[PDB]
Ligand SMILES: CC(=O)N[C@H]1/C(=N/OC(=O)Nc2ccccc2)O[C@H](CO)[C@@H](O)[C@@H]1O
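Here you get one chain, nothing else, as structure tokens; it is the form solved without the ligand.
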């Protein structure tokens, strides 16, 4: 009967029947012609779910028809009956399940692969709803830049992320880890033989999952521009791009974010010459990507006008080059429309976003587990390339990334709170509700100086806490609020304990300290209510005892590497410890 959670949210989805059960084996039609990567994803899923593929047609098994438009599969059009991917953008598809048949038709092979990804999420214990779907992304490039500091992702982490990206229709991975010398400290040098299997596996997995593997190069450490030294180095840039092209790389990024020679004319000259002698010469290289030395609005702009570097870089840089920026600051609350309009106007093109959330390198004690937040829903008007910088914690990064998939693919309809719930529901199974209790307290990022972003932690709990203080300081009966808060603090503790016992190690090793910290805080939150009740009861001894625990729990939190719920579970102890009911 019902349509499961879907991510991203399809553009158009109509329920047209009560649904049906897929048979124990199926008829597969269009495999000769249909995108290979998409057929493999389909095969994999079928296997994993014990659905066999018929040698020959029809024990009256379910029929699945797969292809792109323009492929020669007369059965696909019949099954799609009226619905079509032909008028859809690149990466679009149509999917129709009706009365024992399932048709998947991509606008291109990419589209077909994404239709498979949709199909996979639609099927629950062989049961599938009866839907008409047409679907396509809001933003052309959607993905990850691996630009965080700290402990690098492992090879296995990257392979898993790439698969995760394909499943969620993210099509871009910018590979530029701090741990790989061949992107920076040895930027001139081709990868040696001992590194090639590793690199090939990443390239291969990217292609298989329709992920654009973008090689990020940072020559800024020691590149020369002037004269013949300049000449020799441009040529190293070419020979290095070539060695990457030869192992299958089709996208390239050149970063200027960390260079000493801060010359916009020279950065843009390298880019333009590279666009010309490499990108264009090759024919099948995706647009060149760049990070200019000024990459946030505060560094780029002064009194609504571009600063000199940005003025020159923008007037010189080829119109086809994607230019990245982080928003109004490097790590900021938001990108309003007006900011994207400003930077897009300066560059006279659609911009590329390097969004520094959920990255936590600037404040490592805290996990960033909230949704895309603060990004304007009209952003696509000025941006056609959207990436997030994630945490060194690859596994827990998936909650925010999940929401980013939904935001960039279906932006008009993005609802950060429903996207966030659905992320956890989708990733955590029977642990979802406990995982929400914990992650809810761990969305807001703020290093107290230059970097802050994310949804506020536990907003509803923070509002209840606020109500408590104003009831207690207004002589209004606070008993119900006290009772309710006791329930909520007990639940925080119960959820975290179930997560410690049952989360798999891949997640647990990322968050075990933050779990213990939320427990400690819940325990001080409880002692804090005990302090209030003791004052109401005029029991001095019960007051002093509750205060000591509250203080102790807060002291543990403050002395721990792990950070969580600063303004909420933590601040509440501080608030309680300073509160005195006798003065009201």
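Residue numbers count along the first chain shown, from 1. By rigid core we mean the largest C-alpha set that fits within 1.5 Å across both forms.
Just so you know, the form solved in complex with the ligand exists too; it's not on screen, but the next bit is about it.
Although the chain is displayed without it, the ligand can be placed by superposition from its pose in the deposited bound form; doing so yields no atom within 2.4 Å of a backbone or C-beta atom, and the site is open. Stretch-level contact analysis of 432 to 440, 220 to 228, 357 to 365, 371 to 379 against the ligand in the deposited bound form, using heavy atoms and a 4.5 Å limit, identifies 357 to 365. When contacts are judged by a 4.5 Å heavy atom cut-off, residue 414 does not count as touching the ligand in the deposited bound form.
In the deposited bound form, residue 295 approaches the ligand with a heavy atom inside 4.5 Å. Taking non-hydrogen atoms only, residue 421 never approaches the ligand to within 4.5 angstroms in the deposited bound form. Although the partner is absent here, residue 148 sits close enough that one of its heavy atoms falls within 4.5 Å of the ligand in the deposited bound form. No residue of the trio 90, 320 and 385 has any heavy atom within 4.5 Å of the ligand in the deposited bound form. Contact with the ligand in the deposited bound form, defined as a heavy atom within 4.5 Å, holds for exactly one of 456, 185, 258, 78, namely 258. Site annotation in the deposited bound form: the residue of 326, 498, 350, 333 reaching within 4.5 Å of the ligand with a heavy atom is 326. Comparing C-alpha positions between the shown form and the other one after a rigid core fit, one residue in 365, 181, 378, 100 moves 2 angstroms or more. It is 181. Residue displacement note: residue 261 has its CA displaced by at least 2 Å between the shown form and the other one (rigid core superposed). Shown in the overlay between the shown form and the other one, fitted on the rigid core, is a CA shift at residue 190 of 2 Å or greater.
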